[PDB]
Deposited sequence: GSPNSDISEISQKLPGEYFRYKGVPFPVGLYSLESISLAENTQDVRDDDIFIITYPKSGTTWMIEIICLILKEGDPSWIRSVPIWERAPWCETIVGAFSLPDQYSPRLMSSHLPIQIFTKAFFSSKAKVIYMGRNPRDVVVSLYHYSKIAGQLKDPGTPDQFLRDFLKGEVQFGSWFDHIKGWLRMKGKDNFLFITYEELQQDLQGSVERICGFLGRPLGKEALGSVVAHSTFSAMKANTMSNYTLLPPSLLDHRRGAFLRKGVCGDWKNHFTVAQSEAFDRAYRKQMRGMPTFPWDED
């Protein structure tokens, strides 16, 4: 009823915090400021950081299963957004009572500053920016906090100019990779999980210091699969208020594959995009999505 009243009042617009665009209604100068400056960062805290639409949900479910050592009970009975609350959202983990698992879309220059001097763990996940553009385009049409994308072509110019929620994808990931090297930082991609979920899971277990038996492992893998996840009412967001997410028009877990961009980018849009990528990612290393 509280979340319901809020959802129906969403303008579908943006406001800015230190130069970055944030959706109006689900974020505030204060909700963000709090996450940025809070001192409450713990040694065993766990953060999942991503640029929107990179497969956050997938990562969140994977760790919820790892923490419960494969027992689906927790993900079947508790809402996904409650198991790994968002830091910057008006109703965030920092504006709630009590291993803490948290989620965030904040770019490194705004993320909880007290982190850099802590032992908390951060898993950063990246996805092919092209597939992110698609996922985000569709999701915008059904997400109450987001403005309509407009034409695929205009939405792409907005994306390339960082004129979208959370700013530039380029800046976002370039900034966060600056942590690559600290032992309490893990960088993994949506593409790696797609190519070998089990391998990725074991990897993430090593990183977290939480080994699993061929048993629990198999369970985490089974329940993390797209098909399984889209069927879990607590994980597929079908419980959210229609205004916040138009279930009548689409699903949060849309397709769940790599390369859908190829059915959405025209060759002209693809070429323009590559020039923008080529210029912004000049010094960067090679990623799975770099063919």
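Relative to the deposited sequence numbered from 1, which residue ranges are unmodelled? Several regions go unmodelled: 1-4, 103-105, 299.
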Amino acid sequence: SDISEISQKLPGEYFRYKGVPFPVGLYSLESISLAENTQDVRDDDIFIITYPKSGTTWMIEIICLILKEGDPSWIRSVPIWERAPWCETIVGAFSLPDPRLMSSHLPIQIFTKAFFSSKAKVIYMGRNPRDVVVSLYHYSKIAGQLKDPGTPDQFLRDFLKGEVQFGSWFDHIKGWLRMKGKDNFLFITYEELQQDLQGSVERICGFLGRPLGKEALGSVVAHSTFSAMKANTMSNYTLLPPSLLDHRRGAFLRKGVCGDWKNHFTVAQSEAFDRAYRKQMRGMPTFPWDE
From here on, numbers count along this sequence of modelled residues.
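When the other structures of this protein are compared, and only where the residues around it are present, is residue 95 absent from a third or more of them? Affirmative; at least a third of those entries omit residue 95.
Could you check which stretch, 104-112 or 148-156, carries the larger mean CA temperature factor in the entry? The stretch with the larger mean CA B-factor is 148-156.
Which has the higher mean CA temperature factor in the PDB entry, 208-216 or 172-180? Looking at the record's C-alpha B-factors, the answer is 208-216.
Using the B-factor values recorded in the entry, state whether the Cα atom of residue 268 falls in the lowest, middle or highest third among the modelled residues of its chain. Its C-alpha B-factor, which the entry lists for residue 268, ranks in the lowest third among residues of this chain.
If you rank every modelled residue in this chain by C-alpha B factor, which third holds residue 34: lowest, middle or highest? Its C-alpha B-factor belongs to the highest third of this chain's values.
Lowest, middle or highest third - CA B-factor, residue 92: Its C-alpha B-factor belongs to the highest third of this chain's values.
Chain-relative CA temperature factor third for residue 130: CA B-factor rank for residue 130: lowest third.
Within this chain's modelled residues, let me know which third the CA B factor of residue 117 belongs to: lowest, middle or highest. Within its chain, residue 117 is a middle-third residue by C-alpha B-factor, going by the deposited values.
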